[PDB]
Amino acid sequence: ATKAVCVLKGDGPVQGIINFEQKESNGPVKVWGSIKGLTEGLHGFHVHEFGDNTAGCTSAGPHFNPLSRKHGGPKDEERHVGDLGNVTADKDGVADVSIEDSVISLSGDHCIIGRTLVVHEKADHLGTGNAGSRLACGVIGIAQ
Amino acid sequence: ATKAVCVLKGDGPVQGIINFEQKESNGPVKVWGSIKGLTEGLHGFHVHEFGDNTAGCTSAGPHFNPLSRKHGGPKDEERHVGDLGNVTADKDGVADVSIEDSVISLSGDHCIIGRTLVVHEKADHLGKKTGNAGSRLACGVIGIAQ
Ligand SMILES: [Zn+2]
Ligand SMILES: [Zn+2]
Ligand SMILES: [Zn+2]
Ligand SMILES: [Zn+2]
């Protein structure tokens with residue numbers, strides 16, 4: 001069981017914490033936490049390739065795409081590893097997140113440790129995905 | 001991984017950017033950048049185990065020590081993987097960093113990506129369990145760079 005965590009921050013009101021837990025080698029990755037200050041509705045949710053916050057979320061590069069596949073949704077075969085779809089903010093601007101994903105990993109080639117988790121301005125249209133600006137982001141770190 | 005980067009921030013004026021480059025996976029790592037807002041003199045410089053900044057620098061946990069060694073300085077053989085010694089800030093509070101280390105790595109079981117780089121209030125005593133370098137002034141998670 002490996003664990004990771006990400007503190008999402010940006011230049012506006014969006015902020016939150018997302019936890020990752022992988023009980024087994026190459027096993028499903030639980031992803032859960034809360035993001036607040038969002039506009040009500042859907043927000044694109046992506047792992048971007050670089051854990052580089054030197055230029056804020058802009059330096060995070062493109063979607064984590066180690067397999068040079070096309071963009072899609074977490075249910076799509078043809079997707080980027082970093083394609084986690086959308087989070088939904090409630091009427092109070094809070095997106096309580098709880099999913100499971102089998103394409104990301106906390107080990108090996110699909111590993112997301114050291115990359116950047118990003119929450120977006122708009123919905124991902126899921127097949128990039130036209131989710132608009134990168135509102136908050138953080139480097140995915142190893143957690144106890 | 002051949003390059004990594006870390007943005008150091010805290011609650012005070014200390015801030016900086018540190019870059020890592022490792023040409024060969026079994027070779028040394030070059031570490032370079034600049035930290036500003038420091039008091040003049042030596043400041044402990046460590047990789048802590050967890051890349052968890054949910055509680056700022058405190059949640060980074062202890063020195064990264066996957067090889068079960070005792071605390072030392074970077075040129076000691078008895079050291080933690082995270083023991084990068086001290087950075088030195090000049091009279092303007094600026095610590096220019098440019099070193100090479102052969103214990104940290106950007107891959108494998110000495111890998112420091114996804115862990116926390118920390119700069120401290122005062123000097124690491126280099127072994128003469130933590131080095132007594134005082135509070136954690138700034139930190140960041142070490143991320144994969146292009
Ligand atoms: Zn994105
Ligand atoms: Zn994508
Ligand atoms: Zn320390
Ligand atoms: Zn140590």
# chains A, B, ... in the order shown; residues from 1 in each chain; ligands from 1

$ residues_near_ligand --ligand "ligand 1" --cutoff "7 Å" --atoms "only C-alpha atoms and all ligand atoms" --output "PyMOL selection string"
chain A and resi 44-46+48+63+118+120+131+134

$ residues_near_ligand --ligand "ligand 2" --cutoff "9 Å" --atoms "only C-alpha atoms and all ligand atoms" --output "JSON, numbers by chain"
{"A": [46, 47, 48, 62, 63, 64, 65, 69, 70, 71, 72, 73, 79, 80, 81, 82, 83, 84, 85, 124, 126, 127, 128, 129]}

$ closest_atom_pairs --of "chain A" --to "chain B" --cutoff "10 Å" --atoms "only C-alpha atoms" --output "tab-separated table"
residue	atom	partner	partner_atom	distance
A:3	CA	B:50	CA	10.0
A:4	CA	B:52	CA	7.9
A:5	CA	B:52	CA	6.2
A:6	CA	B:52	CA	7.2
A:7	CA	B:54	CA	6.2
A:8	CA	B:54	CA	9.7
A:16	CA	B:54	CA	9.4
A:17	CA	B:54	CA	7.3
A:18	CA	B:54	CA	9.8
A:19	CA	B:52	CA	10.0
A:49	CA	B:144	CA	7.9
A:50	CA	B:144	CA	5.2
A:51	CA	B:143	CA	3.9
A:52	CA	B:145	CA	5.7
A:53	CA	B:7	CA	6.6
A:54	CA	B:7	CA	6.3
A:55	CA	B:7	CA	9.8
A:56	CA	B:7	CA	9.8
A:59	CA	B:145	CA	9.0
A:60	CA	B:145	CA	8.5
A:61	CA	B:146	CA	8.3
A:112	CA	B:114	CA	9.2
A:113	CA	B:114	CA	5.6
A:114	CA	B:143	CA	4.2
A:115	CA	B:143	CA	6.0
A:116	CA	B:143	CA	8.0
A:138	CA	B:141	CA	8.7
A:139	CA	B:141	CA	6.2
A:140	CA	B:114	CA	6.4
A:141	CA	B:51	CA	3.9
A:142	CA	B:51	CA	4.9
A:143	CA	B:50	CA	5.3
A:144	CA	B:50	CA	6.7

$ residues_near_ligand --ligand "ligand 4" --cutoff "8 Å" --atoms "only C-alpha atoms and all ligand atoms" --output "VMD selection string"
chain B and resid 46 63 to 65 70 to 73 79 to 83 126 129 to 131

$ write_last_selection --atoms "N, CA, C and O atoms" --output "compact mmCIF listing (two decimals), in the first residue's frame"
# COMPACT_ATOMS: atom_id res chain seq x y z
N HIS B 46 18.18 19.65 3.65
CA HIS B 46 17.83 18.26 3.76
C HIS B 46 16.76 17.82 2.79
O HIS B 46 15.87 18.61 2.47
N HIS B 63 14.35 12.89 8.19
CA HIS B 63 15.28 12.82 7.06
C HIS B 63 15.00 11.57 6.23
O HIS B 63 14.72 10.48 6.79
N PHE B 64 15.11 11.75 4.91
CA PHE B 64 14.99 10.56 4.06
C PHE B 64 16.15 9.59 4.33
O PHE B 64 17.33 9.97 4.19
N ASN B 65 15.83 8.37 4.70
CA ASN B 65 16.85 7.44 5.19
C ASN B 65 16.49 6.02 4.81
O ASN B 65 16.32 5.18 5.70
N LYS B 70 23.00 6.47 9.99
CA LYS B 70 22.91 7.57 10.96
C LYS B 70 23.13 8.91 10.29
O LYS B 70 23.70 8.97 9.19
N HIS B 71 22.71 9.99 10.95
CA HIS B 71 22.87 11.33 10.37
C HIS B 71 24.32 11.72 10.22
O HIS B 71 25.15 11.46 11.13
N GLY B 72 24.65 12.37 9.10
CA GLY B 72 26.00 12.88 8.88
C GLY B 72 25.94 14.06 7.93
O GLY B 72 24.85 14.58 7.60
N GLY B 73 27.12 14.50 7.48
CA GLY B 73 27.20 15.49 6.41
C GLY B 73 27.30 14.78 5.06
O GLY B 73 27.50 13.56 4.99
N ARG B 79 25.81 8.56 6.56
CA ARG B 79 24.87 9.65 6.38
C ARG B 79 23.53 9.06 5.92
O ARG B 79 23.50 7.96 5.38
N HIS B 80 22.48 9.86 6.12
CA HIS B 80 21.19 9.60 5.47
C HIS B 80 21.18 9.99 4.00
O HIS B 80 21.94 10.90 3.61
N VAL B 81 20.37 9.38 3.15
CA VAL B 81 20.31 9.83 1.76
C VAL B 81 19.96 11.32 1.74
O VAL B 81 20.53 12.07 0.94
N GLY B 82 19.07 11.79 2.63
CA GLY B 82 18.68 13.19 2.62
C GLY B 82 19.64 14.19 3.21
O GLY B 82 19.26 15.38 3.30
N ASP B 83 20.85 13.78 3.60
CA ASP B 83 21.77 14.70 4.30
C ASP B 83 22.64 15.51 3.33
O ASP B 83 23.76 15.10 2.97
N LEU B 126 26.10 18.19 11.27
CA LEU B 126 26.70 17.15 10.47
C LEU B 126 27.08 15.93 11.26
O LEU B 126 28.04 15.21 10.91
N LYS B 129 20.51 12.97 15.69
CA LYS B 129 19.90 12.21 14.59
C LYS B 129 19.38 13.15 13.51
O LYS B 129 19.06 12.71 12.38
N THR B 130 19.28 14.45 13.92
CA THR B 130 18.72 15.40 12.97
C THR B 130 19.75 16.44 12.59
O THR B 130 19.59 17.14 11.60
N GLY B 131 20.82 16.63 13.34
CA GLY B 131 21.75 17.72 13.06
C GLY B 131 21.43 19.02 13.76
O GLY B 131 22.21 19.97 13.63

$ residues_near_ligand --ligand "ligand 3" --cutoff "8 Å" --atoms "only C-alpha atoms and all ligand atoms" --output "number ranges by chain"
B: 44-48, 62-63, 118-120, 130-131, 133, 136

$ select_by_dssp --residues "chain B" --states "strand (DSSP E or B)" --output "number ranges by chain"
B: 3-9, 15-21, 29-36, 41-48, 54-57, 63, 83-89, 95-101, 105, 111, 116-120, 136-141, 143-144

$ select_by_dssp --residues "chain B" --states "helix (DSSP H, G or I)" --output "PyMOL selection string"
chain B and resi 58-60+108-110

$ residues_around --residues "residue 96 (chain A)" --least-positions-apart "4" --cutoff "10 Å" --atoms "only C-alpha atoms" --output "PyMOL selection string"
chain A and resi 16+18+32-36+87-90

$ write_last_selection --atoms "N, CA and C atoms" --output "tab-separated table (two decimals), in the first residue's frame"
chain	number	residue	atom	x	y	z
A	16	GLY	N	-7.08	23.00	-2.45
A	16	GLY	CA	-7.60	21.77	-1.84
A	16	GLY	C	-6.47	20.76	-1.63
A	18	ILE	N	-5.68	16.49	-2.21
A	18	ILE	CA	-6.13	15.23	-2.78
A	18	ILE	C	-5.14	14.14	-2.33
A	32	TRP	N	-8.98	10.72	-3.31
A	32	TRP	CA	-10.07	11.34	-2.56
A	32	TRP	C	-9.57	12.59	-1.85
A	33	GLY	N	-10.47	13.51	-1.54
A	33	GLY	CA	-10.15	14.75	-0.86
A	33	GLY	C	-11.20	15.79	-1.15
A	34	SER	N	-10.82	17.05	-1.02
A	34	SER	CA	-11.78	18.14	-1.22
A	34	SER	C	-11.09	19.31	-1.88
A	35	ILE	N	-11.77	19.95	-2.81
A	35	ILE	CA	-11.23	21.18	-3.42
A	35	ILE	C	-12.27	22.28	-3.24
A	36	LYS	N	-11.91	23.47	-2.77
A	36	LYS	CA	-12.96	24.47	-2.54
A	36	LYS	C	-12.64	25.72	-3.37
A	87	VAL	N	-14.19	16.70	-11.70
A	87	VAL	CA	-14.72	16.80	-10.34
A	87	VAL	C	-15.91	17.73	-10.42
A	88	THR	N	-16.84	17.53	-9.50
A	88	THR	CA	-18.07	18.31	-9.49
A	88	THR	C	-18.12	19.17	-8.24
A	89	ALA	N	-18.11	20.48	-8.42
A	89	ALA	CA	-18.31	21.36	-7.27
A	89	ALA	C	-19.79	21.57	-6.96
A	90	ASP	N	-20.14	21.58	-5.67
A	90	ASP	CA	-21.52	21.74	-5.23
A	90	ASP	C	-21.91	23.21	-5.26

$ residues_around --residues "residue 31 (chain B)" --least-positions-apart "2" --cutoff "8 Å" --atoms "only C-alpha atoms" --output "PyMOL selection string"
chain B and resi 18-21+29+33+97-101

$ atom_distance --atom1 "CA of residue 15 (chain A)" --atom2 "CA of residue 119 (chain A)"
9.2 Å
